[PDB]
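What follows is a set of notes on a single structure, which appears directly below.
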Amino acid sequence: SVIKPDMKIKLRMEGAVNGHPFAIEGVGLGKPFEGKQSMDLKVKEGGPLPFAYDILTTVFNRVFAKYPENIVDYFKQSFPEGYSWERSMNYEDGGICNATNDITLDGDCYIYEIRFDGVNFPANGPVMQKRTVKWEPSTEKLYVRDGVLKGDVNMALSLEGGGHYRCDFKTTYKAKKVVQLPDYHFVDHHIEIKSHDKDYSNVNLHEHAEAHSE
Ligand SMILES: [Co+2]
Ligand SMILES: [Co+2]
């Protein structure tokens, strides 16, 4: 046991985009072995957010990915101690976000302490003009480096005017104890904002993920 079929999530994120700060909290649930999850998210400070919520959504846990038995699962093995990660998100227009998640487990509920910091998004660009629609589904590429796990992914935001806005994600995953390291593999993801109020003070977010290799 320790990884149960059904588990819960609470989180807090504190952050800032272009020096304007904000914080959001949320609760949710999901199935680790099915790679599915969902959550509700409320802006507690800095609302109404003046930039595209989509930049936050991949920051709001790779335990919720379906691993087959022939690929080692760095994430499920890491609990109950858990793990953290860091990431920079490098947008084609020179906007850059750094984020971190510290993940712990209390009973059947994961707990995330998130930091998010974005800078240099142009005023006319699609993040600050809120011209984004969704992330496309993706394939993350995961490899070992210096004893820890890396995950790189080419991501794309569909723009409401048509076309896409590209971002490169480089994530380092750090387990809090010794676990077995996997060989090169992939994680397919698909993240969707399933509902939201007008200024996104409330968001319902969904993701499903599946590992594969060879
Ligand atoms: Co899908
Ligand atoms: Co909408």
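Just so we're on the same page: first chain in the structure tokens is A, next is B, and so on; residues restart at 1 for each chain, and ligands are numbered from 1 in the order they show up.
Near residue 54 (chain A), within 10 Å and counting only C-alpha atoms, sit residues 51, 52, 56, 57, 58, 59, 127, 130, 132, 133, 134, 135, 157, 191, 192 and 193 of chain A; same-chain residues fewer than 2 positions away were not included.
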Open item on the list: Which residues are near ligand 2 in this structure, taking near to mean any atom at most 9 Å from a ligand atom and counting only C-alpha atoms and all ligand atoms? Format them as a list in words.
Closed with: residues 133, 193, 194, 195, 196, 197 and 198 of chain A
Task: Shell of 12 Å around residue 107 (chain A), only C-alpha atoms, local chain residues under 3 positions omitted, as a list in words - done: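 What passes the distance filter is residues 1, 2, 3, 4, 6, 7, 8, 9, 79, 80, 81, 104, 110 and 111 of chain A.
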Just-selected residues, N, CA, C and O atoms written as a tab-separated table (two decimals), in the first residue's frame:
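Output (result24.tsv):
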chain	number	residue	atom	x	y	z
A	1	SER	N	0.85	-1.24	0.00
A	1	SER	CA	0.00	0.00	0.00
A	1	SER	C	0.87	1.27	0.00
A	1	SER	O	1.86	1.33	-0.72
A	2	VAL	N	0.51	2.26	0.83
A	2	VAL	CA	1.05	3.66	0.85
A	2	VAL	C	0.63	4.53	-0.37
A	2	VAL	O	0.18	5.66	-0.19
A	3	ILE	N	0.76	4.02	-1.58
A	3	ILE	CA	0.06	4.62	-2.71
A	3	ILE	C	-1.29	3.87	-2.81
A	3	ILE	O	-1.33	2.68	-3.16
A	4	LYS	N	-2.36	4.56	-2.42
A	4	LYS	CA	-3.72	4.06	-2.53
A	4	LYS	C	-4.33	4.38	-3.89
A	4	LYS	O	-3.95	5.36	-4.52
A	6	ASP	N	-7.18	5.75	-4.54
A	6	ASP	CA	-7.82	7.07	-4.53
A	6	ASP	C	-7.21	7.89	-3.45
A	6	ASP	O	-7.04	7.42	-2.35
A	7	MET	N	-6.84	9.13	-3.78
A	7	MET	CA	-6.05	9.96	-2.89
A	7	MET	C	-6.45	11.37	-3.09
A	7	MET	O	-7.12	11.67	-4.06
A	8	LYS	N	-6.02	12.25	-2.21
A	8	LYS	CA	-6.50	13.62	-2.24
A	8	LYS	C	-5.35	14.59	-2.36
A	8	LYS	O	-4.21	14.21	-2.25
A	9	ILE	N	-5.64	15.85	-2.55
A	9	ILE	CA	-4.61	16.85	-2.79
A	9	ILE	C	-5.07	18.06	-2.06
A	9	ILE	O	-6.21	18.42	-2.22
A	79	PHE	N	7.49	7.91	-1.98
A	79	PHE	CA	6.65	8.11	-0.82
A	79	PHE	C	6.87	6.95	0.16
A	79	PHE	O	7.26	5.86	-0.26
A	80	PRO	N	6.62	7.18	1.45
A	80	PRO	CA	5.92	8.31	2.04
A	80	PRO	C	6.72	9.61	2.24
A	80	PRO	O	6.10	10.66	2.49
A	81	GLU	N	8.05	9.55	2.15
A	81	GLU	CA	8.86	10.77	2.35
A	81	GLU	C	8.48	11.79	1.30
A	81	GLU	O	8.25	12.93	1.62
A	104	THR	N	4.62	16.44	-0.04
A	104	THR	CA	4.57	15.55	1.14
A	104	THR	C	3.24	14.83	1.12
A	104	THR	O	2.35	15.16	0.31
A	110	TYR	N	-2.06	14.42	-0.52
A	110	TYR	CA	-0.78	15.00	-0.89
A	110	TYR	C	-0.84	16.45	-0.56
A	110	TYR	O	-1.91	17.08	-0.61
A	111	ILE	N	0.32	16.99	-0.20
A	111	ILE	CA	0.42	18.38	0.12
A	111	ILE	C	1.56	19.06	-0.64
A	111	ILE	O	2.69	18.63	-0.59
Open item on the list: When you count only C-alpha atoms and all ligand atoms, which of these residues is closest to ligand 1: A:154, A:138, A:38, A:171?
Closed with: A:138
TODO: Pick out each residue of region 61-168 of chain A that DSSP on the backbone tags as strand (DSSP E or B); I need them as an MDAnalysis selection string.
DONE: chainID A and resid 66 83:91 96:106 109:119 132:135 138:145 148:159 164:168
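Residue nearest ligand 1, chosen from A:105, A:60, A:36, A:200 and counting only C-alpha atoms and all ligand atoms: A:36.
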Wanna dump the chain A-ligand 1 contacts at 9 Å for me, each residue with its shortest atom pair and the distance in Å to one decimal, counting only C-alpha atoms and all ligand atoms, ordered by chain and number, as CSV?
residue,atom,partner,partner_atom_place_in_ligand_line,distance
A:137,CA,ligand 1,1 (Co),7.1
A:189,CA,ligand 1,1 (Co),7.7
A:190,CA,ligand 1,1 (Co),5.2
A:191,CA,ligand 1,1 (Co),7.6
A:192,CA,ligand 1,1 (Co),8.3
A:207,CA,ligand 1,1 (Co),8.0
A:208,CA,ligand 1,1 (Co),6.8
A:209,CA,ligand 1,1 (Co),8.6
TODO: Could you tell me how far CA of residue 74 (chain A) lies from CA of residue 34 (chain A), in Å and to one decimal?
DONE: 16.1 Å
Task: Near-residue 169 (chain A) list (12 Å; only C-alpha atoms; drop same-chain fewer than 4 positions) as a list in words - done: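 Contacts, with the query itself left out: residues 55, 58, 59, 86, 87, 88, 89, 90, 91, 92, 96, 97, 98, 99, 138, 139, 140, 141, 142, 150, 151, 152, 153, 154, 155 and 156 of chain A.
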TODO: Compare A:167, A:29, A:72, A:203 by their minimum atom-to-atom distance to residue 94 (chain A), counting only C-alpha atoms, and give me the closest one.
DONE: A:167
Open item on the list: Considering only C-alpha atoms, can you say which of A:85, A:33, A:22, A:53 comes closest to residue 66 (chain A)?
Closed with: A:33
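CA of residue 128 (chain A) is found 14.1 Å from CA of residue 21 (chain A).
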Task: Residues within 7 Å of residue 103 (chain A), only C-alpha atoms, excluding chain neighbours under 3 positions, as a PyMOL selection string - done: chain A and resi 82-84+110-113
With C-alpha atoms retained, export the selected residues as a PDB file, in the first residue's frame.
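Final file, selection_15.pdb:
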ATOM      1  CA  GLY A  82       7.931  12.248  -1.032  1.00  0.00           C
ATOM      2  CA  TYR A  83       9.803  14.473  -3.441  1.00  0.00           C
ATOM      3  CA  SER A  84      10.227  17.906  -4.850  1.00  0.00           C
ATOM      4  CA  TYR A 110      -0.776  15.001  -0.887  1.00  0.00           C
ATOM      5  CA  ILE A 111       0.418  18.380   0.124  1.00  0.00           C
ATOM      6  CA  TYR A 112       2.181  20.831  -2.149  1.00  0.00           C
ATOM      7  CA  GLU A 113       4.007  23.908  -1.149  1.00  0.00           C
TER       8      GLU A 113
END
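As for CA of residue 48 (chain A) and CA of residue 160 (chain A), they are spaced 20.3 Å apart.
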Open item on the list: Ranking A:68, A:95, A:161, A:126 by minimum distance to residue 35 (chain A) and counting only C-alpha atoms, which one comes first?
Closed with: A:68
